[PDB]
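Written below as structure tokens is the structure these notes are about.
All Cβ positions, even for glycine, are placed from backbone atoms using ideal geometry, and neighbour counts span all protein chains on display. What follows draws every value from the coordinates through simple rules; no lab data is involved.
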């Protein structure tokens, strides 16, 4: 019970597919020592047309030029540190090189879990009830159809699903009738192809999960919010109040819940016409940003991502069939307090990602380690005088959301 | 054009060969790496200042040494050998020798031959040839896109 092999046993590892698909080009090397703590990008312009019998545009009002912004900011530090007594570790363990392996994997795995939360928290679009899993071919093609119907062309669309869900689609694929290669591939390797239903399907086992949060009562909007373009031209976030809730519950609406407005429908952003889902028009939806409680009298104040712009003096920026006013009926999708692992579908230009280089800390031994293109700074110091050494590995991430209306969550439907 | 001989500094931490080669001269190798250090100012001088610098990680040196200069970026040159299909054109002009086979790179319009001393004759035999490509890469992507070098 003394001799031990010098080779370590293998362990477990997750995968990276989300960080590879998100945009890492626009926000890269832009947060420098001159820019400051934040940087912003411009927004496209839209115009309206006036129809008259003979010109005479004198009476009406010409289009007004309003400029938007999309600011990106930095996050907190990703830090892993160890502390030890050197004699004991130096017995048979090399320079904490056994530590060297699974630390970068921890730092990178955390960056991807934070990306998953950011995208789920700040997405807008939603499809299907959260309860049903993915079993059939239409459940994947609906996302591509919806994105194409909205009007996004410049970019590239992706969809991410659980490991178990992919097998069910392969089981459907093995049931095909005429494609020899597809049937053989699905029978042998149980691998679905690249282009699935007009969108690229991807399989990931490391994906964040969320809790619904208890709610009850037929909710309704109490006061008309401000949804003009001037108010929401910088963030696409607005504040709304709800009534008819429960008596007094904490954590009434968790972060990531979808709130659906029944009587206000989506619009094709270019032609400004309603959206029809084959048999019923598509309703507007938004995502909660932060946790919200309920006070006595059922008054819930919540901040949502995704805005139903219905400006009357600037009609060119409308994004909803009709204005939300007091007395409208809303609903929350999902059950009372269940926990599920959602699936994400998004465009290429939905969220950004970047890294901030960190300079060497003065008079301290250091090095730089690379992992999937991510640089990690490591430092070693000896604060304390009791055979006590210290190590630390760090990364600073920067996240940006361009337009919430090009991504969200999707589930199966019955 | 000219052939040049250049030195390589710190070969023990810069040159890495295909692990499938066993000969002394590494003739049976399909790819190799050649690493070298660089400064941020010279990194910005070439390439572009727009993308931040990402360097290769080896965790090789700093083994019992005090390090003070964090202004070094590690860039590597990547070599590939490929077998590709190339069309050889045999200009069979009888004057001053007849049998002359040339690759598709040199063309009557790319090279100012203009059939003055060349007859097109046969230009359809396609043969596989051994070619070598070079590229410059870092920890992020391609600093220079691959291009073929004149050799075997």
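Have a look at A:202, A:147, A:182 and point out the one that is part of a helix (DSSP H, G or I) and crowded, with 19+ Cβ neighbours inside 10 Å.
Among A:202, A:147, A:182, only A:147 is part of a helix (DSSP H, G or I) and crowded, with 19+ Cβ neighbours inside 10 Å.
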> When segment A:388-406 is examined, which residues are found to be surrounded by fewer than 17 Cβ atoms within 10 Å (Cβ to Cβ) and in contact with a helix residue (DSSP H, G or I) (Cβ under 6 Å, 6 or more places away or on another chain)?
Replying inline: A:389
>> Going residue by residue through segment A:327-338, is there one that turns out to be closer than 30 Å to residue A:124 by Cα, outside any helix (DSSP H, G or I), more than 21 Å from the chain's Cα centre (by Cα) and within 14 Å of chain B (Cβ to nearest Cβ)?
In response: no
> Across segment A:88-105, which residue is farthest from residue A:13 (Cα to Cα) among those that are within 13 Å of another protein chain (Cβ to nearest Cβ) and assigned to a helix (DSSP H, G or I)?
Replying inline: A:97
>> Tell me whether segment A:341-349 contains one or more residues that are crowded, with 16+ Cβ neighbours inside 10 Å, within 13 Å of chain B (Cβ to nearest Cβ), in contact (Cβ under 8 Å) with a residue 40 or more places away in the chain and under 30 Å from residue A:146 (Cβ atoms).
In response: no
>> Can you find, within segment A:392-414, the residue that is farthest from residue A:286 (Cα to Cα) among those that are touching a strand residue (DSSP E or B) at 6+ places or on another chain (Cβ under 8 Å) and assigned to a loop (DSSP other than H, G, I, E, B)?
In response: A:396
> Counting only residues that are within 14 Å of another protein chain (Cβ to nearest Cβ) and closer than 30 Å to residue B:2 by Cβ, which one in segment B:118-152 is surrounded by the fewest Cβ atoms within 10 Å (Cβ to Cβ)?
Replying inline: B:142
> So, of the residues in segment A:363-385 that are outside any strand (DSSP E or B) and within 22 Å of residue A:31 (Cα to Cα), which turns out to be nearest to the other protein chains (Cβ to nearest Cβ)?
Replying inline: A:373
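Applying the selection to segment A:315-326, what residues are assigned to a loop (DSSP other than H, G, I, E, B) and surrounded by 18 or more Cβ atoms within 10 Å (Cβ to Cβ)? Spell out the reasoning first.
So in segment A:315-326, the residues assigned to a loop (DSSP other than H, G, I, E, B) come out as A:318-319, A:321-326.
Listed by number, the residues that qualify are A:318, A:319, A:321, A:324.
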>> Exactly one of these conditions fails for residue A:153: (1) closer than 27 Å to residue A:277 by Cβ; (2) in contact with a helix residue (DSSP H, G or I) (Cβ under 8 Å, 6 or more places away or on another chain); (3) free of Cβ contacts under 8 Å to residues at least 12 places away in the same chain. Give me its number.
In response: (2)
>> I'd like the residue in segment A:256-282 that is closer than 24 Å to residue A:211 by Cβ and surrounded by 17 or more Cβ atoms within 10 Å (Cβ to Cβ) and, out of all such residues, is nearest to the chain's Cα centre (by Cα).
In response: A:256
>> Considering only residues that are within 14 Å of another protein chain (Cβ to nearest Cβ) and either in a strand (DSSP E or B) or loosely packed, with under 15 Cβ neighbours inside 10 Å (or both), which ones fall in segment B:41-50?
In response: B:44, B:48, B:49, B:50
> Does residue B:35 fit the bill of being over 19 Å from the mean Cα position of the chain (by Cα) and either outside any helix (DSSP H, G or I) or surrounded by 10 or more Cβ atoms within 10 Å (Cβ to Cβ) (or both)?
Replying inline: no
>> Take the residues in segment A:290-304 that are in a loop (DSSP other than H, G, I, E, B) and buried (at least 18 other Cβ atoms within 10 Å of the Cβ); name whichever of them is farthest from the chain's Cα centre (by Cα).
In response: A:298
>> When you scan segment A:119-132, do you find a residue that is in a loop (DSSP other than H, G, I, E, B), within 14 Å of chain B (Cβ to nearest Cβ), over 29 Å from residue A:28 (Cβ atoms) and touching a residue at least 40 places away in the same chain (Cβ under 8 Å), even just one?
In response: no
>> Can you tell me which residue is nearest to residue A:69 (Cα to Cα) among those in segment A:219-243 that are more than 24 Å from the chain's Cα centre (by Cα) and in a loop (DSSP other than H, G, I, E, B)?
In response: A:230
> So, in segment B:61-93, of the ones that are more than 25 Å from residue B:141 (Cβ to Cβ), in contact (Cβ under 8 Å) with a residue 24 or more places away in the chain and surrounded by fewer than 11 Cβ atoms within 10 Å (Cβ to Cβ), which residue ends up farthest from the chain's Cα centre (by Cα)?
Replying inline: B:85
>> So residue B:75 passes all but one of these: (1) within 14 Å of another protein chain (Cβ to nearest Cβ); (2) part of a loop (DSSP other than H, G, I, E, B). Which condition number does it fail?
In response: (2)
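Condition check: buried (at least 20 other Cβ atoms within 10 Å of the Cβ) and within 14 Å of chain B (Cβ to nearest Cβ). Does residue A:307 satisfy that?
Here the answer is no, as residue A:307 does not meet what is asked.
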> Restricted to segment A:27-65, and to residues that are surrounded by 15 or more Cβ atoms within 10 Å (Cβ to Cβ) and assigned to a loop (DSSP other than H, G, I, E, B), which residue is farthest from the chain's Cα centre (by Cα)?
Replying inline: A:46
> For residue A:229, all conditions in the list (1) buried (at least 19 other Cβ atoms within 10 Å of the Cβ); (2) touching a residue at least 40 places away in the same chain (Cβ under 8 Å); (3) out of contact with any strand residue (DSSP E or B) (no Cβ under 9 Å at 6 or more places or on another chain); (4) more than 21 Å from residue A:124 (Cβ to Cβ) hold save one; what is the number of the exception?
Replying inline: (4)
